[PDB]
Amino acid sequence: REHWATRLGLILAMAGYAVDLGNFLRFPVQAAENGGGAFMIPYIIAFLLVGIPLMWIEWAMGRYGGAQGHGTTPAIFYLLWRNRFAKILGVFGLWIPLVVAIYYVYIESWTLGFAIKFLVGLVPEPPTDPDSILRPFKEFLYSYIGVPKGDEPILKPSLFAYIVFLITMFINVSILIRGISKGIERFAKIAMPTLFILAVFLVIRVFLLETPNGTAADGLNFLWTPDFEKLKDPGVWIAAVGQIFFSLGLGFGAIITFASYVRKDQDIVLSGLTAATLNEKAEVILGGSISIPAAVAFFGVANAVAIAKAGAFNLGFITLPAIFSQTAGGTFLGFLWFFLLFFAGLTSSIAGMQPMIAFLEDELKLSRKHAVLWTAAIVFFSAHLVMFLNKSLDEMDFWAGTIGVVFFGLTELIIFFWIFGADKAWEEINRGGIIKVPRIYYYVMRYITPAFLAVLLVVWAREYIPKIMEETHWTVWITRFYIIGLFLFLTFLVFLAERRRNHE
Ligand SMILES: CNCC[C@H](Oc1cccc2ccccc12)c1cccs1
Ligand SMILES: CCCCCCCCO[C@@H]1O[C@H](CO)[C@@H](O)[C@H](O)[C@H]1O
Ligand SMILES: CCCCCCCCO[C@@H]1O[C@H](CO)[C@@H](O)[C@H](O)[C@H]1O
Ligand SMILES: CCCCCCCCO[C@@H]1O[C@H](CO)[C@@H](O)[C@H](O)[C@H]1O
Ligand code: NA
Ligand code: NA
């Protein structure tokens with residue numbers, strides 16, 4: 005079995021997975037909407053009671069499986085729980101990242117496309136008033152994606168958007184096909200320092216921004232001024248637990264698979280904690296210092312609330328580009344912003360497609376070359392649904408990217424700490440540890456962490472599922488049909504894997 009060559013590469017690869025577009029866009033918006041500086045109280049608590057415990061568990065499960073030559077959850081769950089239902093539940097841990105890949109790599113391709121257009125100056129140039140500046144960029148984005156102008160749920164992406172998607176798939180393949188140490192690990196040691204340099208440059212440049220409407224200082228103010236009255240709202244604690252869960256990328260299978268290339272007795276306690284820490288720093292320090300402070304500096308604190316409510320996507324793909332076209336040398340600034348997002352996405356997508364690569368390698372005994380090419384083939388083909396069918400992206404993001412992962416996160420906890428055995432699980436986590444997990448976490452992992460996730464899942468199921476089922480367009484069944492099919496297809500692959508094993 006392949007192994008991470010160095011401790012540094014392992015940590016940077018894991019952190020690279022966690023550090024994504026959300027760090028620079030989602031987190032700052034969530035913080036502004038849920039109490040500003042006060043948001044850090046439930047955020048740190050969620051980190052302590054949910055994020056860190058689960059992450060250690062996923063590392064442990066992965067390393068445990070890797071020791072027996074298995075990197076994915078259908079086989080790993082079966083090792084922890086010799087039951088047929090464990091294998092089927094394990095399929096979900098292969099389905100979720102596959103479905104996410106089918107839309108996320110496409111979104112990743114947008115950032116590359118925008119970076120190129122900015123670099124060569126193929127961007128709009130307004131003109135006055137905010138709407139006079141934003142609209143040309145809203146249209147620019149919509150023409151890139153091909154947002155429906157009529158009543159049909161049909162997208163019509165530009166030729167450029169389609170070709171950039173191909174190139175983005177090629178870049179992902181180039182890394183993955185070289186493997187863990189020579190591919191993913193090698194790239195992490197280049198990409199993370201590059202990510203850090205781009206962000207710091209952006210932070211510095213943003214802190215120098217001054218407009219008649221305000222300054223960057225105003226932005227940092229609005230974002231970090233605490234509003235403790237929002238702490239009463241249970242949804243703010245839900246938002247924190249949710250933010251933490253997604254920011255660490257728990258429940259996606261990627262962490263377990265990466266850990267399966269960690270040697271049997273190599274530390275995971277300190278390494279895992281370190282990776283999580285980098286993500287948190289990149290999140291609150293770098294992410295919180297760029298997008299929102301820039302927006303408030305240009306439009307004024309008067310529009311701070313409106314900007315925050317417009318969402319993470321509008322902020323990163325419409326608002327900031329518009330601002331950059333109004334600032335000195337902003338065109339090169341725009342390139343750097345989208346270059347930053349692209350590497351943040353790329354380090355996440357190579358991690359997210361590895362579980363499917365690992366499964367074909369470990370369980371169906373495919374060569375790395377074949378496993379990478381077939382995985383890319385499926386993601387590329389399937390993505391045409393996301394490229395041409397409106398709201399298909401959203402449907403996939405909901406079932407797999409939202410409900411699925413929280414459900415799967417809870418499933419990991421229960422199977423590991425309750426079915427497999429908390430004592431066996433506890434020793435599995437701490438073995439080879441540079442530091443030992445605090446004794447208190449035994450109770451957290453067993454009762455607190457699953458309680459939190461159960462609450463999150465129930466609240467989100469009751470809130471969003473009735474809406475999605477009753478108020479959506481009929482074309483959502485096309486996407487539902489397709490991803491249910493993918494789950495059946497994977498169940499079949501798992502079936503062939505156990506049949507092959509019975510023969511040999
Ligand atoms: C915390 N960072 C990981 C982000 C995660 O990334 C992935 C998680 C799981 C599978 C993936 C497959 C391809 C690309 C990215 C993948 C997500 C992406 C979109 C929504 S959540
Ligand atoms: C069966 C063959 C169909 C190939 C599907 C890929 C077609 C390439 O689709 C491209 O993407 C966009 C379509 O919205 C626009 O870029 C272009 O007009 C088209 O070239
Ligand atoms: C092959 C595609 C056929 C699917 C059409 C079945 C009818 C779908 O019907 C629609 O389903 C939506 C999504 O659940 C609901 O939001 C709508 O209210 C409902 O009218
Ligand atoms: C690709 C095949 C898709 C299968 C279609 C699913 C049928 C959904 O049947 C249901 O009809 C209900 C009547 O109220 C509607 O509210 C919704 O359309 C749907 O949930
Ligand atoms: Na993150
Ligand atoms: Na990343």
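The sequence shown runs 5 to 131, 135 to 511 under PDB author numbering. Virtual Cβ for every residue (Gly too), placed ideally from N, Cα, C.
Separation of residue j from residue i, as counted between CA atoms
| i | j | result |
| --- | --- | --- |
| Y68 | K443 | 17 Å |
| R487 | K145 | 29 Å |
| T498 | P78 | 9 Å |
| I410 | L463 | 10 Å |
| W8 | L255 | 20 Å |
| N509 | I178 | 37 Å |
| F405 | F253 | 13 Å |
| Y151 | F459 | 40 Å |
| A198 | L173 | 21 Å |
| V95 | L126 | 44 Å |
| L503 | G492 | 17 Å |
| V291 | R507 | 48 Å |
| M176 | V501 | 26 Å |
| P46 | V243 | 8 Å |
| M452 | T135 | 55 Å |
| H391 | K163 | 11 Å |
| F494 | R5 | 27 Å |
| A90 | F214 | 52 Å |
| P143 | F346 | 21 Å |
| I106 | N437 | 36 Å |
| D272 | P362 | 22 Å |
| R88 | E505 | 11 Å |
| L93 | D240 | 34 Å |
Other residues of its chain near residue i: CB distance less than 7 Å, five sequence neighbours each side excluded
| i | result |
| --- | --- |
| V466 | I245 |
| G318 | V33 |
| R212 | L340 |
| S139 | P130 |
| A315 | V33, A36, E37 |
| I251 | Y47, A50, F51, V54, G55 |
| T201 | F350 |
Pair within 8 Å by beta-carbon distance, residue i and residue j
| i | j | result |
| --- | --- | --- |
| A42 | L227 | no |
| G66 | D274 | no |
| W60 | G279 | yes |
| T76 | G55 | no |
| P101 | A311 | no |
| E62 | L257 | yes |
| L183 | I385 | no |
| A17 | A195 | yes |
| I297 | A206 | yes |
| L420 | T456 | yes |
| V269 | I441 | no |
| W85 | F414 | no |
| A223 | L230 | no |
| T232 | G40 | yes |
| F203 | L343 | no |
Same chain, Cβ closer than 6 Å to residue i, neighbours up to 5 away in sequence not counted
| i | result |
| --- | --- |
| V103 | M403, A407, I490 |
| residue 133 | Coordinates for residue 133 are lacking, as the chain steps from 131 to 135 with nothing built in between. |
| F331 | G337, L340, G341 |
| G307 | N220, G221 |
| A266 | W63, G66, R67 |
| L293 | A206 |
| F424 | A432, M452, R453 |
| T281 | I15 |
| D225 | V303, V308 |
| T334 | none |
| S188 | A9 |
Same chain, Cβ closer than 8 Å to residue i, five either side skipped, listed in chain order
| i | result |
| --- | --- |
| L83 | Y68, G69, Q72, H74 |
| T10 | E192 |
| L141 | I325, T326, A329 |
| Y449 | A429, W433 |
Paired residues, beta bridge with residue i - DSSP
| i | result |
| --- | --- |
| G221 | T218 |
| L396 | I161 |
> Is it a yes or a no for the region 110-128 touching the region 370-383, going by three-plus beta-carbon pairs under 8 Å?
Replying inline: no
>> Counting beta carbon pairs with one atom in the region 413-433 and one in the region 379-398, are three or more of them shorter than 8 Å?
In response: no
> Just checking, does the region 272-286 make contact with the region 17-35 on the three C-beta pairs under 8 Å criterion?
Replying inline: yes
> Is there contact between the region 160-169 and the region 341-350, where contact requires at least three CB pairs shorter than 8 Å?
Replying inline: no
> Using 8 Å as the Cβ pair cut-off and three pairs as the minimum, do the region 372-387 and the region 79-98 touch?
Replying inline: no
> Counting Cβ pairs, one atom from each stretch, are 3 or more of them under 8 Å apart for the region 321-329 and the region 293-307?
Replying inline: yes
> Between the region 153-162 and the region 356-363, are three or more C-beta pairs nearer than 8 Å?
Replying inline: no
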